[PDB]
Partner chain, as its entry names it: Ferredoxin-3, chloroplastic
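As a starting point, one isolated chain is supplied in C-alpha cells, in the form deposited without its partner chain.
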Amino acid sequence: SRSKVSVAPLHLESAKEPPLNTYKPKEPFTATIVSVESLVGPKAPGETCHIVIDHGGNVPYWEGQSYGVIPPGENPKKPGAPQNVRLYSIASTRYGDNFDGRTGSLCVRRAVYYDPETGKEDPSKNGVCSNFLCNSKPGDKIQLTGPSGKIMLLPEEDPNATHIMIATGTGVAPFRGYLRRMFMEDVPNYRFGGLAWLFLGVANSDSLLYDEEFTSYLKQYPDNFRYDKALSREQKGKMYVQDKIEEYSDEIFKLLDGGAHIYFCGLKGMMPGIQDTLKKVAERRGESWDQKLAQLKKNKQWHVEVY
C-alpha cells in the first residue's frame, strides 16, 4: 500500500512512438462527455472549465499532445462545410483522471466577447468551441480528432532530468499531465527522481487552476518539486511570470547551463515580456542571451507551445 496510484493498462507504455492523427476531420471519433466543472472562483475574470471525455481507449495519446474538437454547426463562411478544428492541449496523463486509459481531460477557457466601449456582451461574437465545451453536460457527444503535436512530448530518456515549466492560464494543461506522471501514478518504467519546477501566472487567486493538486506535491516531494505563482492583480509594476523568473534567475540559469529543459505554454502574449526579462538577466551576468538561446535550441532544451 504505497503512495503512487495504480494505473492500467500498462500496455500503454509499450508504444515506441506517439500516436498521431489517428482520427481526422473528415471522420472524427465521437466521444462522450463524462463531466464538466468550473475550475475558478467568482472573482476570476472569466470561466475556465475542466472537461473529462470518455474515448473508451480508442484515442490514446502521450502527455503533452493535443486533441482537436470540431464544434457542431456549419463553417461561418464555408457553406455546407464543417467548422474548423480547434486544438486543446490534453490536461491529463495517458491513463486519464480515472486511471484506466479510457478518458482524457481538457482545460478550456470560455472566449467571451464584450463591446469595449459599452462593455456589452454579444454572444453572437463569443468563441464557438470554447463555449460549446464549457456548456456541455454528461452524456453529450463531442467529435474528436488527433491526437496531434510532438513539440511538448516529455523527454524521458533521463529520469533524473530537470524540467522548468512556465505557464499562463490554460497553458498549465500539459504540465498537469507531466506532473501526475512524475509524481502521482505508479509507472514502473518511468521513475522520476529529478527536479520539476512549475511557474504559473494567472490574474488572481480565484483564477488559479489545480492549485490544490500542485500544492500537495510540495508536501510529498519537497526535494523534487518547486512551485511559484504570479497573480497579476494581487501581487508585488504588478506581478507577471517573468517577474518570478527574475527573482530566481541565478538558479534558473545554473539549471539551464546544466542541461535543464524549459517549457512555455499558454497565451502567445506571455512571450515578449519573458524574453525581455531573460535578456536583461543575462546582461547583468555579463552573458549574451542571444547566444545562450541559440545554444538551448541547438541542444533541444527549449520547448514552446503558445497560442
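Residue numbers count along the first chain shown, from 1.
In what follows, reference is made to the form solved in complex with its partner chain, a form of this protein that is not presented.
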**Prompt:** Just one of 117-125, 204-212, 187-195, 142-150 has heavy atoms within 4.5 Å of its partner chain in the deposited bound form; which?
**Reply:** 142-150
**Request:** Could you spot which one of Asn98, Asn84, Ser216, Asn224 gets a heavy atom to within 4.5 Å of its partner chain in the deposited bound form?
**Result:** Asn84
**Asked** Which one of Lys43, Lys280, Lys26, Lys238 is close to its partner chain in the deposited bound form, taking close to mean a heavy atom within 4.5 Å?
**Response** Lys26
**Asked** Are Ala111, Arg233 and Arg284 jointly within 4.5 Å of its partner chain in the deposited bound form, each by at least one heavy atom?
**Response** no
**Request:** Flag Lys300 as yes or no: does it have a non-hydrogen atom within 4.5 angstroms of any non-hydrogen atom of its partner chain in the deposited bound form?
**Result:** yes
**Prompt:** Contact between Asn21 and its partner chain in the deposited bound form at 4.5 Å, heavy atoms?
**Reply:** yes
**Item:** Partner contact for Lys137 in the deposited bound form: its partner chain, 4.5 angstroms, heavy atom
**Value:** no
